[PDB]
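Take a look at the structure below.
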Amino acid sequence: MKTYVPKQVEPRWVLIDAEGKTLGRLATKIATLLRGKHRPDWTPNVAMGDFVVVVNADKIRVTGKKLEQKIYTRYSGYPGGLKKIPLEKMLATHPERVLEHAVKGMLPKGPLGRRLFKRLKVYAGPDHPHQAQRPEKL
Amino acid sequence: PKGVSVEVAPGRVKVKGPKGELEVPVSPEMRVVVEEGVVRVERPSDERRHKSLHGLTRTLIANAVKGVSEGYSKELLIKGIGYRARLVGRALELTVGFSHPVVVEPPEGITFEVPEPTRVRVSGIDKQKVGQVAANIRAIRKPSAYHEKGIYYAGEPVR
Amino acid sequence: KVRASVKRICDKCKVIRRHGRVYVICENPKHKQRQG
Amino acid sequence: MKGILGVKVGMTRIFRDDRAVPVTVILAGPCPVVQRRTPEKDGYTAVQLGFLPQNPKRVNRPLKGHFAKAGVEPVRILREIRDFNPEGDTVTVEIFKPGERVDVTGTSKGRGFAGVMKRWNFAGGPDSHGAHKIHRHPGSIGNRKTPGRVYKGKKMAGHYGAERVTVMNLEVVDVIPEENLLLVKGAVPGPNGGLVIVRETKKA
RNA sequence: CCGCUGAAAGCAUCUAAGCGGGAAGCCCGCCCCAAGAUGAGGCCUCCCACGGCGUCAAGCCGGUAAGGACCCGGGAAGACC
RNA sequence: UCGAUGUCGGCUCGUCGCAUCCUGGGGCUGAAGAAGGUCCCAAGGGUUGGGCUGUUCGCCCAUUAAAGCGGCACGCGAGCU
RNA sequence: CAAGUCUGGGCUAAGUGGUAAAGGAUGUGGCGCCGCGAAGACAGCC
């Protein structure tokens, strides 16, 4: 029996922006990084994930007609409290929110699921307000 | 076409002439740079999309050329009794049976002319614009009212 | 006007798809149809 | 956006042209601007004014002499007045002219644990015919198995009043500079002696 | 819903490239809540020291500082809070 | 579901659907004007007070811009009748 | 969410896929077979 299992992993920072990238097809990769899943210590119960800084958000391309068409949704607990917002407008404001939402949904839903999400740092930009290393990934 | 000048850029094509310049925005399914003592356009793959664009692009460019060597044109006949028009600065105060006359400020690179008091014409380098503006005027009081009153192109009514 | 069977009503009338929808336009406006 | 801290003093009516016009008097003592927010450092722009002068130097942590007229900072504290940036040494009532229109904000009277049918005007039960412990009660509050719950926001009984209220577009009827006084079209939130703020209106 | 310009389709077409109009409806604007917005934000101003002991900064007690509680007089605040 | 799921209507409180009764757009009209008809888009807001019947509904009186039709266990009796 | 953002060839532009019919349509693509064209009108001004 081997408990190959690691001792506190020295986490990685990464800068990433294919500004003209399909969201999702980006977001999918982001997530993989967020769980230490490229790395061969993958440890499911732990968060030995990376830190991922998306710069130059907005810009994200997307296929077919998904402005006025993709519709983001918020139910405030009230009567009549569904809100529907086209993607146009999300870009038009809170563009940094578009990429985030897409990534979130692809991470696991528990408490760790939540904790990894906070290891993702998204900026419509560029310029990323933390110089703390950043092996840029392409 | 003579005193007029066609350069080429990526998705753009610039047409200078005696009356002004215009940019025609054009599809990259084409390889058109200043060509001959005239100007031609072709298209790749005989597909749906291309076939359509070809000929469109032809025309857009054509109407851009006529523009710059004078292509003003376009004229409106106002009909009915009390109705008439009147130039004011470069604006138009046509009075057409509403209780208060309708003033029409001119957009950029366009000139109204009030030859008569019941004829009006729109000057312009463009054509898209001209044609629009004339519409906006017509709309002020479209015609048809079991006949006669209102404002008309040179196109004509049906009993 | 708004019917699930739009057809040509006359030879001046004309069938036109615009913006997802099948219309018809004649010279005379009684002939104007839109599919729905 | 003009505006000044002030105190509701109470109301009467005067006569205009030849008609009785009810007014509430406001005392808008001059208001020492004690900080200015800029967009540069604070993000947004406004002016923090002060009001009720007197104070036995109870200034402890907010010594904040910092701005000229730190003149022992006001009892009734100090508030901002959003987009507003004037003659940086006090705000009088000369600010306003008669005729002008203003929005007034203050504190509605504290009604305590209100019934429904006061908090909300509900219909209440019949004074007779029908049984007898449901006269001021609210009736039903739902359906049944679907949705099997009460909705958020249901008008119900509780703490009512003692809350901010902005009544809008009041006529300024007269301004007494001499006394820092101010007359308007009567009926402004809150009780007499009570704090209010007084801004140019929104019909433009 | 109405148009401008406009091919595929020498004509025609509000449309396939583009461009204008257009609803008490959608978004913002107005009023009120709102950073437990654990993503817990900003600005102003204040008090600053180890004094004694662990594995060496509390995971340390004991006095403190700016400040804050308790107790008391009350209040168009309030069931109590 | 019979070792119990109170079973019409009324009141009180609502909230939703649109197949829209007003109000806002609009195209046809056997549309002169005014007023209709018909279909299309549109619930944001509104959608009265009485006589008769337990009534639902309905008919009637007087109004109205209008006097919509439905769902919520024929919504709602640990809320009342 | 374990294992292919695997290879080769097509369709489709509706988010169709992501659940409905009679019936409508110069929406697309692929196979067919005839009209009939220097007795040079298929569409556009004599």
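Residue numbering for chain C follows Swiss-Prot; the residues present correspond to positions 2-37, in that order.
Recorded method is X-ray crystallography, 3.3 Å.
The backbone N, Cα and C atoms fix where each Cβ goes, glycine too.
Taken from Swiss-Prot as is:
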BINDING   C:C11, C:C14, C:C27, C:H32  Zn(2+) binding site
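Neighbour density at the Cβ, taken as the number of other Cβ atoms within 10 Å, is lowest among the binding-site residues C:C11, C:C14, C:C27 for C:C11. Using the Cβ center of C:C11, C:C14, C:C27, C:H32 for Zn(2+), the list of other same-chain residues with Cβ within 8 Å runs, in sequence order, C:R9, C:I10, C:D12, C:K13, C:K15, C:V25, C:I26, C:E28, C:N29, C:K31, C:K33. Taking the Cβ of C:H32 (Zn(2+) binding site) as centre and 10 Å as the limit, one finds 16 other Cβ atoms among all the protein chains shown.
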